[PDB]
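This is what each chain is made of:
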Amino acid sequence: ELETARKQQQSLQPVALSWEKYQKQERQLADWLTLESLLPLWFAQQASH
């Protein structure tokens, strides 16, 4: 029983790391997409000035 519990923990460990990496990637991509949407207005203000 103890051996199988430890084996299950070992097998599950990489999944959490991959999920954390995926969260990082997703939020970085979301930030860059938001900046893509916001790009026109910065240049518009600088052009106005």
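Conventions we followed
Residues numbered from 1 in each chain as written, not as in the entry; some residues may be left out. Part of a larger assembly, values for the part shown. Heavy atoms only, no water. Salt bridge = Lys/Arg side-chain N within 4 Å of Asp/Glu carboxyl O. Helix = DSSP H or I, 4+ residues; strand = E, 2+ residues; numbered from the N terminus. Buried < 20%, exposed > 50% of the residue type's maximum accessible area, 1.4 Å probe, protein only. Expected span 1.5 Å × (residues − 1). Bend = angle between axes of the 7 residues up to and from the residue.

- Judging from the entry metadata, cryo-EM is the method by which this structure was determined, and 3.25 Å is the reported resolution.

- As annotated in the PDB entry, the protein carries the name JetC and is attributed to Escherichia coli.

**Details of the pattern of salt bridges**
Okay, step 1: Applying the stated rule across the entire model yields three salt bridges.
Okay, step 2: With a shortest N-O distance of 4.0 Å, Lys 24 and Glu 20 are connected by a salt bridge. Linking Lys 24 with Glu 20, this pair stays in helix α1 (residues 2–48), spanning four residues, or about one helical turn.
Okay, step 3: Look at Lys 24 and you get partly exposed, because its relative accessible area is 39%.
Okay, step 4: Taking the shortest distance from any N to any O, the salt bridge between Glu 20 and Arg 27 comes out at 3.9 Å.
Okay, step 5: What makes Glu 20 partly exposed here is its relative accessible area of 34%.
Okay, step 6: Within the structure, one salt-bridge network assembled from shared partners comprises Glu 20, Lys 24 and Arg 27.

**Focus on the environment of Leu 39**
Okay, step 1: Inspection of the secondary structure puts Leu 39 in helix α1.
Okay, step 2: Under the relative-accessibility criterion, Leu 39 is labelled partly exposed at 43%.
Okay, step 3: Taking the C-alpha atoms as reference, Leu 39 lies 35 Å from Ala 16; in sequence the two are 23 residues apart.

**Things to note about α1**
Okay, step 1: When the terminal C-alpha atoms of α1 are compared, their 69 Å separation across 47 residues agrees well with the 69 Å that a helix rising 1.5 Å per residue should span.
Okay, step 2: The largest bend in α1 amounts to roughly 45° and is located at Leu 38, with the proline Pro 40 lying one to four residues further along.

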